[PDB]
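Notes to accompany the following structure.
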Amino acid sequence: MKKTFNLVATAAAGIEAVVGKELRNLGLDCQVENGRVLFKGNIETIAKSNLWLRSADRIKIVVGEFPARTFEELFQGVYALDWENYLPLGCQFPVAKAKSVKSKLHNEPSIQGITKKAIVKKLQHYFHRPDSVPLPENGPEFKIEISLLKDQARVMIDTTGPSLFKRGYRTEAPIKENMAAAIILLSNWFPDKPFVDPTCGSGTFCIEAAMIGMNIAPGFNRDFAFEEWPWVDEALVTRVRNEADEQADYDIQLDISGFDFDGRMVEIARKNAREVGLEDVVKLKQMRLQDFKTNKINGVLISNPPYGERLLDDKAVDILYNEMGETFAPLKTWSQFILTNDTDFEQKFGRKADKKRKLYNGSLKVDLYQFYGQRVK
Ligand SMILES: Nc1ncnc2c1ncn2[C@@H]1O[C@H](CSCC[C@H](N)C(=O)O)[C@@H](O)[C@H]1O
Numbered sequence: 001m002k003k004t005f006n007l008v009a010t011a012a013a014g015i016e017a018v019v020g021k022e023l024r025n026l027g028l029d030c031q032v033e034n035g036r037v038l039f040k041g042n043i044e045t046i047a048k049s050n051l052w053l054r055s056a057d058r059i060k061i062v063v064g065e066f067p068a069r070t071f072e073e074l075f076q077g078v079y080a081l082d083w084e085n086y087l088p089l090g091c092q093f094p095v096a097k098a099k100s101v102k103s104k105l106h107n108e109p110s111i112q113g114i115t116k117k118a119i120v121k122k123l124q125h126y127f128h129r130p131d132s133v134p135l136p137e138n139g140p141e142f143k144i145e146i147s148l149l150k151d152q153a154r155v156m157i158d159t160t161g162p163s164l165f166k167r168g169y170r171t172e176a177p178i179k180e181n182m183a184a185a186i187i188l189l190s191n192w193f194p195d196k197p198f199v200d201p202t203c204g205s206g207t208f209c210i211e212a213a214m215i216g217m218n219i220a221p222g223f224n225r226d227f228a229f230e231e232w233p234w235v236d237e238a239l240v241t242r243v244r245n246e247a248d249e250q251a252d253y254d255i256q257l258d259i260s261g262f263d264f265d266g267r268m269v270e271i272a273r274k275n276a277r278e279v280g281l282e283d284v285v286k287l288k289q290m291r292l293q294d295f296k297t298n299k300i301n302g303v304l305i306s307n308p309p310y311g312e313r314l315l316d317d318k319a320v321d322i323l324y325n326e327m328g329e330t331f332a333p334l335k336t337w338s339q340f341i342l343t344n345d346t347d348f349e350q351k352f353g354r355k356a357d358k359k360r361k362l363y364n365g366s367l368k369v370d371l372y373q374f375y376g377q378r379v380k
């Protein structure tokens, strides 16, 4: 079976670089592209990368790439790949759904069906079985994906399963977990600094900051597809999980608070915090952000406030942003990080940003406004 893998971590536009940095911290060279970061590794790499990456979406094996303008070229291309190095006899290997962009092969159901038929044939042939009798599929799942871009096909295996943002703590339009993590990793927060989310919604920022502060692995309370693969060493998975549990630091004292003026959200956030066992670590309450005051210095504030041109009328959004500036103005020593689609945020907030980074929250373009705190001399 396959020992060296070509791998991709998929990531939302604007945070590929955060995924790159995370991979480098795991000891991995990588190539950052649009929506994806390429790397290589062994099976232990697959485990560690699923377990540890806070900002990526999925980890996938690239089985192979080839040109395909006709369905016969597609069939032969897929047939030619070394499925025998990945798929044991009797395993399930569903394909897809498929994707095609700017390609003569445009019918996604047909791409999906042809791909499945070619793999079946390759395995029937490799396992010396008659090619006219269906293979048994009682085994573990290997999820197959195929994608066509300008008549170039790419065939992958999903090692992850449910997307990585599903850490397992979400009980209830939350920002995605891996995105909130990416924004924390782009911030200048460190465990010894107070952290506040003044528009906390379902508690995502607070919870991701806690896990980072205690060095709890993103995937600590969840499973991954590759773990069910028969040829993956039980002893390896156990060792990788053990090392991770050991690297955690449940002792660190953190100061993490979040609040929201909607009681329904606070109720959701408390349940979510409790789901990861952080109920005594994250401080959550119902409060208007306009009432926030602190005498603590050198904190980090991170907020994903109501966006403009959506649920809230312009006049109210502008007032909200005006009041945020008024409220946060006295936090001279704190860094502040604000995510919104409002390109006039700065004027409304009343302060010019020290840095801006363009991100995507789903399909929606949003900018991260970064305001750095200053120590008083
Ligand atoms: N004046 C105010 N004070 C505190 N929170 C407010 C507020 N006005 C709106 N909010 C809250 O700001 C949030 C913006 S949506 C943020 C959702 C969050 N990032 C998540 O992942 O769950 C909403 O939950 C809304 O109730």
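What the sequence shown shows, in the authors' numbering, is residues 1 to 172, 176 to 380, in sequence order.
We put the beta carbon where it would ideally sit given N, CA and C, even for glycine.
Can you give the beta carbon distance from residue i to residue j, rounded, assuming they're within the 8 Å contact cut?
i           : j    : result
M156        : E145 : 5 Å
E44         : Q92  : In fact, because the Cβ distance is near 24 Å, the residues do not count as touching under 8 Å.
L23         : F39  : 6 Å
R54         : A184 : 4 Å
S163        : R58  : 6 Å
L135        : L149 : So it is not a contact: roughly 30 Å between Cβ atoms.
residue 175 : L281 : Residue 175 cannot be located in this model; the chain continues from 172 straight on to 176.
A213        : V120 : About 47 Å separates the two Cβ atoms, so there is no contact after all.
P94         : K143 : 6 Å
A247        : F229 : Not confirmed; about 16 Å, so no contact.
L287        : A272 : 5 Å
Let me know if residue i comes out buried or exposed under the rule of 16 or more other beta-carbons within 10 Å of its beta-carbon.
i    : result
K318 : exposed
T171 : exposed
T10  : buried
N181 : buried
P221 : buried
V8   : buried
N275 : buried
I322 : exposed
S260 : buried
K102 : exposed
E249 : exposed
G353 : exposed
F193 : exposed
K196 : buried
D263 : buried
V279 : buried
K296 : exposed
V133 : exposed
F127 : exposed
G365 : exposed
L314 : exposed
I255 : exposed
Going by beta carbon distance, what residues of the same chain come within less than 6 Å of residue i, once the five residues before and after it are set aside?
i           : result
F227        : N50, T160, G161
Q289        : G266, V269
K358        : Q373
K99         : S147
residue 383 : Nothing about residue 383 can be read from this structure; the chain reaches only from 1 to 380.
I300        : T336
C30         : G20, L23, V37, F39
Suppose the cutoff is 8 Å on Cβ atoms and the five residues either side in sequence are ignored; what does the same chain contact list for residue i look like?
i           : result
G311        : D317, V320, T343, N344, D345
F340        : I186, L189, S190, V303, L304, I305, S306, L371, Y372, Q373, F374
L74         : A68, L105, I111, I114, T115, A118, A153
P233        : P88, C91, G139, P140
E231        : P140, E141
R225        : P162, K166, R167, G168
residue 399 : Since the first residue shown for the chain is 1 and the last is 380, residue 399 is missing from the structure and cannot be characterised.
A13         : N34, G35, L362, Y363
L239        : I43, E44, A47
Tell me whether residue i, by its Cβ, gets closer than 6 Å to a heavy atom of ligand 1.
i    : result
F264 : yes
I178 : yes
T202 : yes
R291 : yes
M182 : no
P221 : no
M268 : yes
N307 : yes
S55  : no
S205 : yes
Suppose the cutoff is 7 Å on Cβ atoms and the five residues either side in sequence are ignored; what does the same chain contact list for residue i look like?
i    : result
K2   : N85, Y86
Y253 : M217
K48  : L26, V243
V32  : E16, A17, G20
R378 : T336
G328 : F352, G353, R354
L81  : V63, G64, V155
ask   = For the 8 Å Cβ check, are there 3 or more pairs between the stretch 199-206 and the stretch 228-247?
value = These segments do not touch.
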